[PDB]
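What follows is a single chain, given as C-alpha cells, in the form deposited in one PDB entry.
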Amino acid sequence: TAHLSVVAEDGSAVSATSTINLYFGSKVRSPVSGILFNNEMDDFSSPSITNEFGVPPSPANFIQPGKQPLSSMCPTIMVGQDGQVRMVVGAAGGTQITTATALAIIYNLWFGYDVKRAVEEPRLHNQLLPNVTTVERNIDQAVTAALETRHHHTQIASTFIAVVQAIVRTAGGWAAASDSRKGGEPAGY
C-alpha cells in the first residue's frame, strides 16, 4: 500500500492511498502488458476461512458481485476554520493504517510534535482481536511498563508499524515528511 500527500501553491490538497493488497498482489503478472493484478478479494471475509483463533467471519464483509471489500485505508485532510489546509496525512500497513494515522494526528495536533517527529515517533497498535498490544522497538520503555502494569500484554514488532506520509502547515510554509521506515523523501518548492 502507498500513501501520498500533496499541497499545491493555491492551497488545494490531495491525500491518496492506493493498493494491490498483499506483496505483488495475486502474483499474476501479464506477460504482454506487465500489469500486476491485485488480490483485493482477500480483503473480504468468507464463511469458510478463519484468519485468527476465535475470531468469526464478519457477514457485513462477505463477497457479493459488484461489492467492494472493507479497507483499512484512511487518506485524510484536516482544514482550519479559515479554510486553509492544516494537515494532509495517511498511511500504509494493513489494519495498522488507522491507528498509525490516529497517532500521527495526535502527535502533531495535541502533543505538539513537528511533522517529521510526528512521522518518526515510535508507534503502537491494538486492534482488540488479537488481544495484544504491539509496540515498536524504540518506544519509550516507560510506556511499555505503564501498559504492562495495567495488564496489557505487549509484544515488540519484528520490523515496524505502518508507514505515514504527512504535510502540515507551519508559519514557515508547508512542512513535509516521508516515513524513514520505507525510506521516502518529500519534494517541494
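In this text, residue numbers run from 1 along the sequence as written. Only residues modelled in both forms are compared. Between two forms, the rigid core is defined as the largest C-alpha subset superposing within 1.5 Å.
When the mean C-alpha temperature factors of 113-121 and 95-103 are read from the deposited coordinates, 113-121 comes out higher. 177-185 and 13-21 differ in mean CA B-factor, and the higher of the two is recorded for 177-185. By the numbers in the PDB entry, the CA B factor is greatest at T154 among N126, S33, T154, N39. Ranked by C-alpha B-factor against the other modelled residues of its chain, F62 falls in the middle third. Sort the modelled residues of the chain by CA B factor and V164 lands in the lowest third. In the deposited entry, the Cα temperature factor of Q68 sits in the bottom third of values across the chain's modelled residues.
Another form, the form deposited in another entry, is not on view; read the next lines as being about it.
Of the residues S158, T149, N51, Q141, just one CA atom moves 2 angstroms or more between the shown form and the other one under rigid-core superposition; it belongs to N51. Core-superposed comparison between the shown form and the other one places the only run of three or more consecutive residues whose CA atoms all shift by 2 angstroms or more at 48-55.
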